[PDB]
Structures are given as structure tokens and as C-alpha cells.
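Indexing begins at 1, ligand by ligand and atom by atom, following the structure's order. The figures here come from the full heavy-atom set of this structure, side chains too, leaving out hydrogens, waters and symmetry mates. Convention: sequence-line order gives letters A, B, ...; per-chain numbering from 1.
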Amino acid sequence: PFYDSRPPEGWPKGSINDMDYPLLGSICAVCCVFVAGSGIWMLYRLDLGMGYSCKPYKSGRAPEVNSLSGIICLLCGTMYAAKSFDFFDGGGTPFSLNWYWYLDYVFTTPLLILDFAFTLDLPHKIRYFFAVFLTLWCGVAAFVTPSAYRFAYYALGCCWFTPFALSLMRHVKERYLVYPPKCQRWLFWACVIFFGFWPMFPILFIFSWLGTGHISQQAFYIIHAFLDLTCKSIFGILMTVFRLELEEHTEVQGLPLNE
Amino acid sequence: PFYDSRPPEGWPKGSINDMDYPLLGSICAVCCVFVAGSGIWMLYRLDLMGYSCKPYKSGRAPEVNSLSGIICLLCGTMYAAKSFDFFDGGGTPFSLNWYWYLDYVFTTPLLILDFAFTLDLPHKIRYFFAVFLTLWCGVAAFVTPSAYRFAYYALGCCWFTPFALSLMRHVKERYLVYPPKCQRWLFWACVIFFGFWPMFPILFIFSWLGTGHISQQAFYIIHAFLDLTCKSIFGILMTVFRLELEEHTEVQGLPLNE
Amino acid sequence: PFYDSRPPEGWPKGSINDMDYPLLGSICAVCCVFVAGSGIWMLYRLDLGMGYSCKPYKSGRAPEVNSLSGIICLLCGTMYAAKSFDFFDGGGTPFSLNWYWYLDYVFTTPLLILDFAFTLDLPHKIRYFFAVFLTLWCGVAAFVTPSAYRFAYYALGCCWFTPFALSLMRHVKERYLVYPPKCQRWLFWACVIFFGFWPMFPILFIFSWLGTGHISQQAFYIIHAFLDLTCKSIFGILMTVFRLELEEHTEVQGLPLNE
Ligand SMILES: CC1=C(/C=C/C(C)=C/C=C/C(C)=C/C=O)C(C)(C)CCC1
Ligand SMILES: CC1=C(/C=C/C(C)=C/C=C/C(C)=C/C=O)C(C)(C)CCC1
Ligand SMILES: CC1=C(/C=C/C(C)=C/C=C/C(C)=C/C=O)C(C)(C)CCC1
Ligand SMILES: [K+]
Ligand SMILES: [K+]
Ligand SMILES: [K+]
Ligand SMILES: [K+]
Ligand SMILES: [K+]
Ligand SMILES: [K+]
Ligand SMILES: [K+]
Ligand SMILES: [K+]
Ligand SMILES: [K+]
Ligand SMILES: [K+]
Ligand SMILES: [K+]
Ligand SMILES: [K+]
Ligand SMILES: [K+]
Ligand SMILES: [K+]
Ligand SMILES: [K+]
Ligand SMILES: [K+]
Ligand SMILES: [K+]
Ligand SMILES: [K+]
Ligand SMILES: [K+]
Ligand SMILES: [K+]
Ligand SMILES: [K+]
Ligand SMILES: [K+]
Ligand SMILES: [K+]
Ligand SMILES: [K+]
């Protein structure tokens, strides 16, 4: 999808690409290591067994959708390794996972929402998946559009995220009462991350260089690195611990849900 | 995937991009509104089984039953993006109008999947990939500036001709199964399918990439009408067919003619 | 994704694109015909019935995942028809399935591994699918990267293929003892292809023009055409025959597996 490249003399001074590339690459490398390790731990813990007691699976293998958290974290860590390669190369490399904003997100966060929908048995999994997909593609279109019509694309995205976020939240409530207080605690701390950090991205768009111009692209990269540390890694760890508590309640102890 | 852009002085006069962009954008906006509303109604009606609105035993509809509305909403979102591109004068970096049939590789394969799920047609993956490859051959034909585009088109015609001849046969095998009311809705949906899907190959021949009889602006308008029919009207007919089938088999508990 | 094009005067003499394009196109056309015919035979044989006796399916149709071998072969044959179109056009065609190396592979070989995982009932099908996906995307990134960081991307790919290949192989062993000696023979000859030809691609990268410079891009295209003839077509035929033998053992004769 690439047409631009770093000029032979380097990025023009004062442009949005005139960033601290060693620092951005180091941040991306640290994020890659942390998120990939979190995904590896997620998959290893999933293969250990059900619940905190590590009860062996009857079929000998975990459910395939249960690997989504670790798979998404490992994919995000691989993309962050690629991002570190791009930043350490000075940016603007042909395979830049940093250039097109939210393009990487169209790969992780839809699946992430799918993982969420699978962990909480939320209805309309395909609907949520496609809502997230279209919101992220509207964001990509907004960030590649140089005219004012980018604010149209952003608005289009806000027309897909506002219902979805209001729908998911409602459904999450319907599931929250079902789970026991320990699984409820883990679910609460994960939903805090979800419904307090997913809205940040739309707000970050407004104050970015494509909006009011308060946040530079370098600061945007750092902020989104921290958000991916929270939205992928910490959220996936909270999902894994919630699943372990649920399996301990319902599979190891055989107790029923509050449904 | 984009390399071209609208020249600073505008599109060259007499080129295929020298179109009526306010008109194309208005048509795309109207199509966006209609298709998105049709998908919203499809999902709302799905969440309401059958005309009696019998509650689901699990409390939620089957996930594949949302495909019609999901596809219509995705097509409406793409038409909103198309209206943004046309109102910007075309050649916008995120142009869903530039690469022809590129948007279709997202909607119509899933659409065929939806069809295969509604009629319990065999070889759903086969049909999905046949549609996928036909549409990608069309994209390759439209981006190819040499005569080898007619090769790509031919390649697409090598994937659509069997598929359309296979699906039709399978549709016959399913048509006798359903009751006369579901048969009526299925007949009117299959009329749209087997009379409008062949139009695209014929439209290629007479387009600016063929004999040069249909301009790109007329192509955009014709395909907007086709997407109004192939996505929205077809999805409404599928939703009504599913409602009639659910009324026959779930609300009344009657068996199919199988 | 394309920015480059064949110069009006033709490819510069001595460049990596200064290849024998009629020969490459003829090879691609022959590969297209063979792989597409192999996929057509795979689907026809699958529709014939279960096993060598062609026992009719109880539901009247084959399992949908059983069509993966033929579907992948037909998709690869279609991409080879497109490759022949590109080569006969002189290369550098806007829709070039030859330009970006391993970009076509991100479509076939992940699904292929999925097919394998479905035929052998291997655990962690999503994990294997995403491992292959990320390995191939790392290869694409390495081949589009003009700096030394391509060897980073390659290394990243080697960080995803080395565990996966070591994991799959282990799981394959766990399945190998399950199947009868005839299915074991077909599985052995397919695993020979897998574990002796998949490692070739990483080795071919090192000696390619992007590495030590021993293998030209034309030779690379010919070698990968032969590999796709083996890794898609011959491997799919071996999978089809293994499935027929398994169906004859377990469905036609009703005999149990050695599990
Ligand atoms: C509404 C909206 C947006 C939404 C972004 C979201 C919801 C991003 C989530 C990212 C995550 C969860 C990343 C984790 O790895 C954009 C693209 C800013 C702009 C267009 C409209
Ligand atoms: C055979 C063939 C074609 C087929 C097109 C079809 C079958 C399109 C269907 C579109 C739909 C149903 C859109 C709805 O939103 C092309 C691409 C014209 C050209 C190459 C060969
Ligand atoms: C490890 C590695 C690679 C692996 C390639 C493989 C494993 C390719 C398989 C291809 C097949 C099976 C094709 C069949 O149609 C690359 C991309 C060379 C380079 C980066 C790292
Ligand atoms: K799960
Ligand atoms: K996991
Ligand atoms: K990332
Ligand atoms: K990018
Ligand atoms: K980015
Ligand atoms: K950028
Ligand atoms: K995760
Ligand atoms: K997660
Ligand atoms: K359905
Ligand atoms: K629907
Ligand atoms: K559209
Ligand atoms: K397009
Ligand atoms: K178009
Ligand atoms: K165009
Ligand atoms: K539809
Ligand atoms: K439909
Ligand atoms: K199979
Ligand atoms: K097959
Ligand atoms: K190929
Ligand atoms: K390519
Ligand atoms: K290639
Ligand atoms: K090339
Ligand atoms: K195959
Ligand atoms: K195969």
C-alpha cells in the first residue's frame, strides 16, 4: 500500500515523521518482548489445564478459541518487532507497520473482541467482530485522508463504535451477574480497561496532528504503545485469569453459574 | 494499493475519471443510507423466528443468520466511504471506487456464504472461494492496462461459469424442498441472483476496458443500482424467506418437502 | 501495494527483473494447469465418496474442511495462471503475483497447514495457522525490505517457523502411531515432503540475491514453481490418498484406530 519513502537526506525537519527513531524503536522492542512473552505465558497456562488446579482436559487439548488471547498477543508482539525494525531503520520502510495508523489494529482488536465474546459467551459475535473491523477501517481511512473528509471517516467510525460500545457494555452487564464474585472481580478489572481505554483512541484522534494538533506523531506512537501494552497484554492476562477462575468454579469444583 | 492521485489541476478532460462527482457522491450517499438501513432492519427483524416472532430457545439468533444484515451494513459503510471519495473529487488515497470489484471481494463472497447457509447448500467453502477468485480475477482485469486483462477476465469467466452452473443446480435441489411460500420468496431471490450476477461480466465487455460503450461514470451508477439490488433487495428477500421458513418449520413445526 | 513498473525501454540489463519471461510464463502456465487439475481431481474424488470403495456420505455431502486440499490447489493454480499472465506481459504488471515474494503463500500454505491439521486431528489448529501466517508475512517483509533489517525480518520468521516446525513434527509423531500401516505409509510420504521441503525456503533465502547472491530471481521462480508443484499438488494428492485409506479403514470397514 506504500508510495512514500524516507527522503535520501532524511525526513524534512519539523515534519510529523521527524521523530526520535532510536527511542521509538526501543519502545517498540520493549513492547514486542512484553506482549510476546505475555502471549507465550497465556498459551502455556492454557495448555497447563483448566483452572488454578490445572485439571487435565478431557480431550487432552484446550478449546481452540481459548488460544485467541495468546495468539493475539503473539501477533501484536510480532507486529511490534516489525515496528521496531521500521523505527530503527529510520521510518518509512516499505513494510512499515507504523505508517498506516490503526492498520495493525484491524488484525488484533477485532479478534480480541471475538476472544472477549467467546470468553463471556456474548451474543452476536460476528456482529461485534464486524463492528470493530469497520470502526478500525474507518480510522485507517481517516488517517490516510489528507482532506477534511477524514473527519467524515472519523465520524463514520464514531457511527460504528458508539453503538457497538453501548451494545457490548449492555451485554457485558447481562453476563456480569452470571459469574461468581471472583470471576466478577477479574471481569470488572478487564471491563475497566476495555470501556476506559477503547474510548481513548477517538479522543486521541481529535487532539492529534490530524485534529487540533496538540499531540505529535511521536507522542502518538508512545501513547499507543502503552495502550497496546494495556489493551492487548494486560487485558489478555485478565482474560486468562478470569478463565482460570471460571474453570476452577465450574469445571474443577463443578459449581453452577448464577444464571 | 494506491499510486495515482487526482492532479492538482484536476482530472484531465476526457479521461475516464472526468466524471460528475457531486452526482456520483449523491448517488453513493443515497445507496449508503438505503443499504445500511436495510441491514439495520435485517438485524432488528432477526433479533425479534418467523412472522410470529417466536422467541429463540437460547435467547439469541444463530450467528450465520446475521450475515445478510452484516453484509448490507458493510456495503453501506463502503458506500459512505465511496460518497466521501466522490465528494472529494475522486482519486482519494482511501478510494473504495478506484479499484473496481475490490469492494465486492468483501461483500459478495460472504453474501454467497449467507445464501449457502440459508438454503443449506453443499460445499459452502467451495462456493465462497469460487466467488472470491472470480472477484479477484475481475480486480486483476480492471487494474491490468494491457490485453492480458482479457486473460484475467477469461480466468474469472473460468470460475464464475462453473460456479453459477453448479449453484443453480444445487438451488434446484433445494427449491423443491421448501413450501410454496418460501418457494415464492426463493424464486424471487434466485431471479435476482441468476439474472443480475451475469450482468457484471456483460458490463465488462461494453465498458471502457472493452468495446468502450459504457463510461466509468455510467459504470458507477449501474453498479450502485446493482448493489442496491444484489445486496439490499436480495437480503430483504432472504430475510423474508427465512421468516417464512421459520414460520413453517419452527412456529408451526411442519416438515419440509424433503 | 504496487509502486514499481517495468520501464518503457524494458527492465535494466543485469537487474534481478531481467529474466527469461517467456520461459517463466510457460513454466507458470504448466504449473497452473497441473495444480488446478490436481485440485479438480481432489474435489471430484472427495465427492465420489468415502474411501476407495466410494461409500456414499450419510448426509449426501463431504465434510467442508475435506475440500481444503482441492480448494487450495485450485487457488494456487489460479494464482499461477495470474503469474503466467504477469510473466508473459514482461513482469512488473500492476497485478503481479510474482513481484512480492511469499505474498501468494500467505493465502495457500496457512490454509494448507489448516488442512493438514484437519486431516490428522492435530491440536492447536489456530495456533499452527497463525504461526504459518506470521512466518510468511515475515518473509514478505524481508523480501520487500531493501536494508539489512530484512535479515531481521527473516530472523523474525525463523523465530516463528523453528518452533512451529518443531511443534508440528512432534504432534505428527503423536498422530503417526494412531493410523494403520497403509495410512501410515501415505502419511510418511507426505511428512517427508513437509519436513524436507518447508525448510528449503529459509535456506533458499540465504543464497538468493537478497542473501549471498548465489541464486537469481529467475532461478528462484523456477525453484519455487517446482516447490509449489510438490508442496501444494503432490502433498494434496498424498493427503487425499491418506484420507481415502483412513476412510476405507474406519468408515468402509469400521475398524478402529490404534489410539
Ligand atoms: C471510533 C474510532 C476509532 C476507534 C478506535 C479504537 C476503538 C481502537 C482500539 C484499539 C485497540 C483496542 C488496540 C489494541 O491493541 C479511531 C480508529 C481512533 C478513529 C475512527 C473512529
Ligand atoms: C465473471 C467475472 C466477473 C464477475 C462478477 C460478479 C459475479 C460480480 C458480483 C457482484 C455482486 C453480487 C455485487 C453485490 O454487491 C467480473 C468481476 C465482472 C470480471 C471478471 C469475470
Ligand atoms: C522461515 C522463513 C520463511 C519460510 C517459508 C516457508 C515455510 C514457506 C512455505 C511455502 C509453501 C509450503 C508453499 C507452498 O505452496 C521465508 C518466507 C522463506 C523467509 C522468512 C522466514
Ligand atoms: K474463550
Ligand atoms: K490464550
Ligand atoms: K502492534
Ligand atoms: K502500516
Ligand atoms: K501505526
Ligand atoms: K505515518
Ligand atoms: K490478548
Ligand atoms: K484478550
Ligand atoms: K442463515
Ligand atoms: K440478517
Ligand atoms: K459498496
Ligand atoms: K478501491
Ligand atoms: K469500484
Ligand atoms: K478508477
Ligand atoms: K445482504
Ligand atoms: K443476503
Ligand atoms: K480434512
Ligand atoms: K480436497
Ligand atoms: K501460486
Ligand atoms: K505479489
Ligand atoms: K513471488
Ligand atoms: K520482484
Ligand atoms: K493442497
Ligand atoms: K493439502
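Between the side chains of A/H171 and A/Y128, at least one donor N or O sits under 3.5 Å from an acceptor N or O. Residues B/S68 and B/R242 bring a donor and an acceptor atom of their side chains to less than 3.5 Å of each other.
Seen from the K ion (ligand 7), atom O on A/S96 and atom N on A/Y100 lie at an angle near 110° (rounded to 10 degrees).
Not a single N/O/S atom of C/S38, whether from backbone or side chain, sits less than 3.4 Å from the K ion (ligand 26). Counting backbone and side-chain atoms alike, B/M238 contributes no N/O/S atom closer than 3.4 Å to the K ion (ligand 13). Between the K ion (ligand 26) and C/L112 there is no N/O/S contact shorter than 3.4 Å. Here B/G69 meets the criterion, with an N, O or S atom under 3.4 Å of the K ion (ligand 13). For the K ion (ligand 7), the set of nearby N, O or S atoms under 3.4 Å includes none belonging to A/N98.
Within a 6.0 Å radius of CZ in A/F226, no more than 12 heavy atoms belonging to other residues, nucleotides or ligands are found. Residue B/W188 qualifies as open at atom CH2: its count of foreign heavy atoms under 6.0 Å is 12 or below. Counted within 6.0 Å of CZ on C/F195, heavy atoms from surrounding residues, nucleotides or ligands total more than 12; the atom is thus considered enclosed.
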